[PDB]
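Colleague: As they sit in the full assembly, here are the leading chains:
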Amino acid sequence: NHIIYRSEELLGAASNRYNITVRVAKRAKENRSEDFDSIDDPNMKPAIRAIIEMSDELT
Amino acid sequence: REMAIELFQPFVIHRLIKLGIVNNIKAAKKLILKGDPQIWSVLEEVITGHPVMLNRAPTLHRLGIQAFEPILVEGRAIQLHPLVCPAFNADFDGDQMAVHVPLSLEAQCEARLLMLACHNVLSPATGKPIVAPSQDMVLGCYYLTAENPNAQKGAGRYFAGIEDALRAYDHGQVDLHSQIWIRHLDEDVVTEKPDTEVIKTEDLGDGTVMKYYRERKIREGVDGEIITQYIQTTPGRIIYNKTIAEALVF
Amino acid sequence: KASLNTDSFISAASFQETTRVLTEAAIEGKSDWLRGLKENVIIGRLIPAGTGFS
Amino acid sequence: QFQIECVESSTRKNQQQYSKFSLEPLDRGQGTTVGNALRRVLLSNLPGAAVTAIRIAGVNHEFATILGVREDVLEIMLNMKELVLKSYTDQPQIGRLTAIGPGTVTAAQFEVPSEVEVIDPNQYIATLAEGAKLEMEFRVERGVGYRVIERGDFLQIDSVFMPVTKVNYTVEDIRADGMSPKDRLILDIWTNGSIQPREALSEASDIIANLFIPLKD
Amino acid sequence: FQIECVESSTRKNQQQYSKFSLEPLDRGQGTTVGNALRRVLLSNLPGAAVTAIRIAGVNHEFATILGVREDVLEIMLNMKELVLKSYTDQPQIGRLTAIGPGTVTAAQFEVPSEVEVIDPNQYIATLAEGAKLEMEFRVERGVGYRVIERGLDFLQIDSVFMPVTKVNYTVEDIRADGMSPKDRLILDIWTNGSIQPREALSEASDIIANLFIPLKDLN
Amino acid sequence: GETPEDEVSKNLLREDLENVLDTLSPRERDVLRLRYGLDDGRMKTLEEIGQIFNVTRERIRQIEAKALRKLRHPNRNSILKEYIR
């Protein structure tokens, strides 16, 4: 339930709701390409981790 | 579940090879169709965090397609949340809904950040909320906060705040519609036909004035202070406001 | 009438009266510069609104 | 046949304990039975202590104002009804209070006997002004249930014997390899601070077991 | 605090009614004891039932036997309603040889020692003048309702294992010059005949006691 | 037509086949690749391998025979044994 709070605080503080979506998708693609090894966890998807990291840099 | 093994089949096939269970698509398809308890745990860890678009025809406006996070239920019908039902114009007497799975990562980030159902409260035509209680929650909140002259057990008793009356209701001391005085020092009180005029005044000693209202009793100081305040209410209204207060401030 | 008098013959042909719109577009020799939501859906591109805007 | 787990245990600074319990695995329908019986026995039949009669020297009648104190006698009774304490005697005990202003009056200014014990020491009672001093005596009782005094020597006040303030329970389904559908009982207990939520579970379980053991013949 | 059986009337074997009285209890404790007893008596009591049927010359459930008025489906529904009592926890085997004409009842069942039939006047089938019905069934024990698995020549029955059919209770008050008043619980138990209501009450009582003792012990 | 599932299965079969063949000796790997058209798209005879090289076609048949015997080993070759239909 924290990921919808982070998504709401990431959308509310963005200058454009359509540019922040493309930036989250680009960071999620980088997170998926950098974690290409199989040592991972199913509860932390690349898009969820990108939203978490971008909300943590947002503060 | 049988709908979910079909829609998420290449994502399951990718996970069965990444986990070292099988080695190709043919063994993965064979283990998927043959039935295994490993497939259900694999599908449970595959659909976690993957949003799913739901659609009901006719799609008359924007809220006819919304995104959801799926959980695996057993049976054959799709379980829909009762608050998104006016947005779809959907009741449970024969409606069917289509299901769509986004594949790309840009398409999953768009279903989550732009189309997820917990961000679609307001209508796009008006500014008014679509997501609101209806048809049984409205009746349940109306019965909870109504007046009832028949159910008056422990009426007119004094309680030391909200938690004291909530403890008295769960202990079986008062009814749900009993007239109850509550010590409540806040002034943000809204009533039906709101009253601000004083009905009567009883003077006490030590320069203390006891002001009477229709649904309030205020005791204040002589020059520059307010001491205490009592509010006549029902326990069901106290339950409603405790629900609002623990939902909002968190 | 305002839907059929647009600058794009693909949208006006996909809306209504395909034969007349295509005949006047073929005689006038007009080009479709793919400016709108309906043309990019037929072409198969990103629509120029929303997340495909810039 | 089942294992009981303590999931979390929180304690607020005003001495109020909260503990979540997990019970698994139960058969189909037994979780609702155990949860409803435990909730009813935990809220209705569990002995605790409270104050029953106060006696303030210098009052006219039951509904009046006290000289020098901001709080009149009605909110004095309402503040004494909030007083959380525990006793170890079936016989009456008498607590006393002396205090002088200016300043606020807390629960730590009671020189109550050692057979009773005050749970929340920084419990607000009254405020004083201009060096006026207050003298009162209250009577501690233990019991079960509640007493409501009609129309408002010792001045009998409303009493509530309730060591557990709130019990919630939810049941979760367990689907596994076997065909047996099972149940998981999630229990939440909120206590007054007098006793623990873990030992209040044992008291209610003892009450239910002593209720149902002589029926088996 | 004593139990007391008030009225215990019976049918042929079909219903065994009993009314038990419980006094004294506290105010909410009558409702706690009554609802826990009702839920356990209706849900968690084990009994015996027929789980499979094999008929000679019958392969599927949609067949017929010459000279029998009922098909295999109505025979399986009639054997689904059979009232038995099994003293063992092992699957037993019952048999039947019947030669028409006549009415085949439950008294004609050749059963083993551990399985005995409660109602012997219970209807099974009707046989015509040149008929021959030779069948063989299986008796097991279970709790609640059994759903069939995935499907030699045994036709499976989704058997029900509830011997107690109806539980009702009311709570009465005792008011006198007897402050901190008490409550009285009266309990109505109806069974199918395979278990007595007193034995069913004892089974529900020690099931509830075994549920609530490790909560007190392990804390 | 051909389904996308058959396309992806034969592409993964091609990738696993090339990754299995490049583990053995480099000469027999390209002999087997030019024999069945895994690089040229043209299946060739035994003699034309003898014109790709200059050693004639009798050594070529023994080379592909021992390459098939090495790939028919029970150990370290069962990754390809799951594609058996």
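Modeller: Nice, I can see it. Numbering: from 1, shown residues only, chains lettered A, B, ... in the order given.

Colleague: Of all residues in chain F, which one is nearest the centre?
Modeller: Geometric centre of chain F, nearest residue: residue F:32, 4.1 Å, by C-alpha atoms, centre = their mean.

Colleague: pretty sure that residue belongs to a helix, no?
Modeller: Yes - Residue F:32 forms part of a helix when assessed by DSSP: H, G, I helix; E, B strand; the rest coil.

Colleague: That one contacts residue F:70, correct?
Modeller: No - using C-beta atoms under 8 Å, residue F:32 is not in contact with residue F:70; the gap is 10.2 Å. Every residue, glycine included, has its C-beta placed from N, CA and C.

Colleague: in chain C, what residue is nearest chain B?
Modeller: The nearest approach of chain C to chain B comes at residue C:51, 6.4 Å away (C-beta to the nearest C-beta).

Colleague: mind listing what that residue touches?
Modeller: Contact partners of residue C:51, counting by C-beta atoms under 8 Å, 6 or more residues apart in numbering or on different chains, are A:18, A:21-22, B:106, B:110, B:114.

Colleague: Scan the chain for its longest helix.
Modeller: All of this refers to chain A. As assigned by DSSP state H, the longest helix anywhere in chain A is helix A:19-34.

Colleague: hmm, I had chain F in mind actually
Modeller: Counting residues, the longest helix found in chain F (DSSP H) is helix F:4-21.

Colleague: Could you tell me how far that helix lies from the centre of the chain?
Modeller: Centroid separation between helix F:4-21 and its chain, computed with C-alpha atoms, centre = their mean, to the nearest Å, is 13 Å.

Colleague: What is that helix packed up against?
Modeller: Judged by 3 or more C-beta pairs under 8 Å, 6 or more residues apart in numbering or on different chains; DSSP states H and E, the packing partners of helix F:4-21 are helix B:25-34, helix F:26-36.

Colleague: could you dump the ones you listed to JSON lines with distance to chain D?
Modeller: Below are those laid out as JSON lines (distance: least, C-beta to the nearest C-beta, whole Å):
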{"stretch": "helix B:25-34", "distance to chain D": "16"}
{"stretch": "helix F:26-36", "distance to chain D": "47"}
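
Colleague: to the structure above, add chain G:
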Amino acid sequence: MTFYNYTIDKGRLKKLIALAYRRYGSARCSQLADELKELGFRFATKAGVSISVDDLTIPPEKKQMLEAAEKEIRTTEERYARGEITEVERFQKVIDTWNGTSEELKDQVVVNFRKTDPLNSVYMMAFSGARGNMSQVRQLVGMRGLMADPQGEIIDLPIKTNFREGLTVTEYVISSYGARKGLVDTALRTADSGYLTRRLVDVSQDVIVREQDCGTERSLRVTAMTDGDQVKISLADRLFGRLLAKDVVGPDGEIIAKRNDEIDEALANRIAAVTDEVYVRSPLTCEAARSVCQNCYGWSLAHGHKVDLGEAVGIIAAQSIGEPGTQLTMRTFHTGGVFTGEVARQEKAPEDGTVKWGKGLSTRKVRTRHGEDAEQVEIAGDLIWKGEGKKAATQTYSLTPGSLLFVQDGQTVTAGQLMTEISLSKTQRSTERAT
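Modeller: Placed with the earlier chains, chain G looks like this:
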């Protein structure tokens, strides 16, 4: 926080959800709606609310109301046979008589619910907004009144029974007429709704927000929409998501808001409590290359802030216009097949007296649609009821230009006579020529 010491219905829950979507966001608002959902489910299950046959309580004034109605129809048709009225005003008179008796019985049903049993199940379902209008409760308790043809024509016969008492065979055929209306219209007018929606989508599929500001000085004047003396949309609702183009000044002289300032409900109430005419920025007055800018459009109503670059506002506008017509066309059969009409307001005298002659009013006698000769007001003037009270019996009615008068200059008024009535609006009457 706010305590809300009153009874909760659907509109107040909508107000609470709309308030929680001002300072908390979307997710906290959805969590609040989730908690209110489970609370309402729990206490609706705990209540045990149920509907029975005896729960439908018919008021005991229905007999005398129907008797007064048939006496009015009887004196209407006695007036028709004598020769001083014609057939079309007789038709209009009997139709308006049965419609007024149906509305009077509906009001009496609501009053009898509020007086005797306030916690009635049908009254709780209709009054809280849970399910059901007052038209359906009028059909269950009261009378059904008049039905309608599948083409919109009006039938001639009344239905003097409700669903609790049971209809007769004649009344069942008359109700089957309106059922066929609802079924045929649901089957046949949704194509018109969907064709209008497709045309509206195709006319504005290229209206995207491309730029942030166009830099224009043109503005749109916004007033409160009124049809007669009562408002329809107020000024504060009409200034809800707009930007300002001119500064709003008060009577003291302080500027309430500057130009290019986004208006919310608080600023809209602050503006609408001062003036009556506001100049805003609109897409009608935007100067952009075949599109709209960010400042002339204003707010995204689904989100609560200013719009974003690249929003397809034409698709949202076409869907917003095309959704309610299609939905209402497909749910027209919920009302049975009855005729819905707007009753014109009448202001009567409570007791005996006369009427003050209005000052500053000229009037002409204009033949009413019902048959009685009445005088229509030209310039609006006051009217005061001259009661026969020695201390205080006086009521004043200010007229609308276009009202009708059944009272002469200084004539003595009987006990309960008809006094004044304003005629309907153009769309609120919904009439067309025939033969």
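
Colleague: With chain G now part of the structure, what is the answer for the contacts of residue C:51?
Modeller: Per C-beta under 8 Å, 6+ apart, neighbours of residue C:51: A:18, A:21-22, B:106, B:110, B:114, G:310.

Colleague: Let me know the secondary structure of it.
Modeller: Put simply, residue C:51 is helix when judged by three-state DSSP.

Colleague: Flag every residue of chain D that's near chain B.
Modeller: When proximity is defined as C-beta under 8 Å from any C-beta of the partner chain, chain D approaches chain B at D:43-44, D:65, D:67, D:70-72, D:74-75, D:78-79, D:81-82, D:146, D:148, D:158, D:160, D:162, D:165-166, D:175, D:177.

Colleague: go on, chain C?
Modeller: Residues of chain C lying near chain B by C-beta under 8 Å from any C-beta: residue C:51.

Colleague: Buried by neighbour count, from the contacts of residue C:51: which ones?
Modeller: Buried subset of the contacts of residue C:51 (neighbour count, 16 or more other C-beta atoms under 10 Å in any protein chain shown): A:18, A:21-22, B:106, B:110, B:114, G:310.

Colleague: Pick out the residue in chain B sitting closest to chain D.
Modeller: residue B:160 (3.8 Å).

Colleague: That residue against residue D:76, yeah?
Modeller: No - using C-beta under 8 Å, residue B:160 makes no contact with residue D:76, being 10.7 Å away.

Colleague: So between the two, which is more surrounded?
Modeller: Higher neighbour count among residue B:160 and residue D:76: residue D:76, with 21 against 18, using other C-beta atoms under 10 Å in any protein chain shown.

Colleague: residues in contact with the closest residue to residue D:29 other than its chain neighbours?
Modeller: In this structure, residue D:29 finds its nearest non-sequential neighbour in residue E:43, 4.7 Å apart by C-beta to C-beta, 6 or more residues apart in numbering or on different chains. Residue E:43 is in contact with D:28-30, E:144, counting by C-beta under 8 Å, 6+ apart.

Colleague: would you list those residues in JSON lines and tack on distance to residue G:251 and secondary structure?
Modeller: Listed next are these as JSON lines, based on distance: C-beta to C-beta, whole Å; DSSP: H, G, I helix; E, B strand; the rest coil:
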{"residue": "D:28", "distance to residue G:251": "74", "secondary structure": "coil"}
{"residue": "D:29", "distance to residue G:251": "72", "secondary structure": "coil"}
{"residue": "D:30", "distance to residue G:251": "74", "secondary structure": "helix"}
{"residue": "E:144", "distance to residue G:251": "79", "secondary structure": "strand"}
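
Colleague: Chain H goes on too:
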Amino acid sequence: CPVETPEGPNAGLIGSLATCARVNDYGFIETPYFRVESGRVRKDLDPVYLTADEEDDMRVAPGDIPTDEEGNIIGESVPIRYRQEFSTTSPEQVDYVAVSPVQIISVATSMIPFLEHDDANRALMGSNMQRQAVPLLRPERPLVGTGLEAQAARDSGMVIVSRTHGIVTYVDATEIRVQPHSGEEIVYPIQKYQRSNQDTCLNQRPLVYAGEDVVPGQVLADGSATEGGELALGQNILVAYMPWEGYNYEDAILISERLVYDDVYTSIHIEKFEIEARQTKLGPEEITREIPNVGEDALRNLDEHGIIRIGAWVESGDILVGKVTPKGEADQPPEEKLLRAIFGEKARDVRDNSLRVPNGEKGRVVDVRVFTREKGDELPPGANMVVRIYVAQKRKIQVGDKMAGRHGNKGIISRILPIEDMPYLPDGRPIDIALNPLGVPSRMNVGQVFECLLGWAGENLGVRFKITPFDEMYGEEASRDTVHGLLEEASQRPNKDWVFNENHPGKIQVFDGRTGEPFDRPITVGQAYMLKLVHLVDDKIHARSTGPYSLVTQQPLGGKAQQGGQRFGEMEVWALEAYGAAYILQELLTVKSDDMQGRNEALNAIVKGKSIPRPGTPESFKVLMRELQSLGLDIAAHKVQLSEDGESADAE
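Modeller: That brings us to chain H, laid onto the chains above:
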């Protein structure tokens, strides 16, 4: 009938003949009427059957006017129809009167009791849902009916009717023999588990025993939705009009497990599968047991010819008929050539073409009839042999199934509760079904409460009432007075006085199954007659990953039978455009339909866990370009780059 009509586009076009209607020799519809002489309904001989000769000539009254028995028409005003106008006249001016109050309605609408207390749209919905009920395993007559059930069962044709007087001599499950007395043995065959057009059961059961007299017209055997000689479409279950914890929220339905384990609402459905061994140019198709790529224990149920046996259990994917066809192209890629070079792997000349069970559709095989041309049969041309397989299954009630009453109150089952969790009565009996009370006053079908209260009075009495519609001709509030008087007489039983409360008539006290506490308000309980409809969830659930495609457009097919995809129409495109979501819309239009390289690349990227590449031009746009070029239009795409225009090739 003004009520019974389709709801779709053909509303008002397809009508239904009324109950007493009849078509004369010239083709016109006529209706019977009783004569009226001097204000007295005659009723002495046969009626008149006026063929619309009653508009310009006669004053006709309906059959619900009050009339004292063997006497005149009471009242001084009689409602008549005259010159296609409704009016009121004196009883001495009435010419004709109707013969029945249900003369205006059809048969299925006459099946509905308390019809005059319901809305007409709900009566239409009740008739339509009554025509959609499945025949159950143990059918049961309604406790409240109207009276046309016996005639409907007699005239449907599902009931074996006797013809002569006689004595029944032999009864079994397949034959009833009777000698007639008033070529001396009449043998009535009884059909057993046949298939209807809608894959439902047509089963008959004997009712008479050996050795009893039989009158002509006596029901000897009753059909599938018929018991006791009368129509029996559903069961009588115990309702409580109350809300549960959101489980009957918006026309959803809460039921108990007793309707599962007691075999209530269990039905039989028989599916039919057919396979033809065709003649191909490359060789004849043969039905055999030797199938390639099929294991060991997948052939246990097949016989020596490769066909299943009677009485075998089959599930989804099991082989019904093994068939092969001689493929003869043999164009193998290098991967398959190398894999058959390594591991042996001799490729066979036939391929698998067997008949298999579809997804779901488990059941028992009951009929395996095989047709061969040299056995005496003659086939469709080009087919060697034809095998027909009938598979039967017993379907219990399920979450997602549709359920309805006779008053247009449909609903979907959303939760099945245990009986210790269901609410119970003050005799301890749990409730079978909880219906939401808010669906009654908005939909305006009040007759269901009348029906449930009368059925509960008849349950506590044991009498099985029968009430004709429009019963308010016998007095004011006749239905209400009948229902409450019968409830009072049922409550006057020596043990059942909790049945009726005079303070609140239709309601009694209901207790909660979970807590034991009574609910705060009394709840209307009753016995309603609920139906199970053909719309079951097994025929509705469908999903596709990747299946077949269309010929020209190369888009996915449509339909459940061909594993088709859902149509993402133009309104869904507008809904995605009103959001942002340009990438969702682009992948929905390209890599999920008619872009074949994008299809293959997207599937390979998802399987190998990599990024899905950028799509290309969809296939249907190139089809449109070629079609516009074939119309004679020089249409082309151009590309500008560094002061240069060039025509692009979209076919690539």
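
Colleague: again for the contacts of residue E:43, since chain H is there now?
Modeller: D:28-30, E:144, H:418, H:420.

Colleague: Neighbours of residue 49, how many?
Modeller: Reading this off chain A. Each residue near residue A:49 was counted by other C-beta under 10 Å, and the total is 18.

Colleague: The intended chain is chain C.
Modeller: When neighbours are counted by other C-beta under 10 Å, residue C:49 registers 30.

Colleague: Verify the stated contact: it with residue G:311.
Modeller: Yes - in this structure, residue C:49 is within contact of residue G:311 by C-beta under 8 Å, at 6.6 Å.

Colleague: Now the common contact residues for these two.
Modeller: Overlap of the contact sets of residue C:49 and residue G:311 (by C-beta under 8 Å, 6+ apart) consists of residue G:208.

Colleague: And the residue of chain G that's closest to chain D?
Modeller: Closest contact between chain G and chain D, by C-beta to the nearest C-beta, is at residue G:38 (11.3 Å).

Colleague: returning to what we had before: the helix or strand following the longest helix of chain A - contacts with which helices or strands?
Modeller: As assigned by DSSP states H and E, the chain's next helix or strand after helix A:19-34 is helix A:46-58. Here helix A:46-58 touches helix A:2-12, helix A:19-34, helix B:105-113, going by 3+ C-beta pairs under 8 Å, 6+ apart.

Colleague: what about those helices, which gets the closest to chain C?
Modeller: Judged by C-beta to the nearest C-beta, the one of the helices and strands packed on helix A:46-58 that comes nearest to chain C is helix A:19-34, at 5.4 Å.

Colleague: What residues does whichever residue of chain F sits closest to chain D make contact with?
Modeller: Proximity of chain F to chain D (C-beta to the nearest C-beta) peaks at residue F:82, 26.6 Å away. When contacts are counted by C-beta under 8 Å, 6+ apart, residue F:82 touches B:22-24, B:26-27.

Colleague: out of these, who has the most neighbours?
Modeller: Of the contacts of residue F:82, with other C-beta under 10 Å as the count, residue B:24 tops at 20 neighbours.

Colleague: so it makes contact with residue F:10?
Modeller: No - at 10.9 Å, residue B:24 does not count as touching residue F:10 under the criterion of C-beta under 8 Å.
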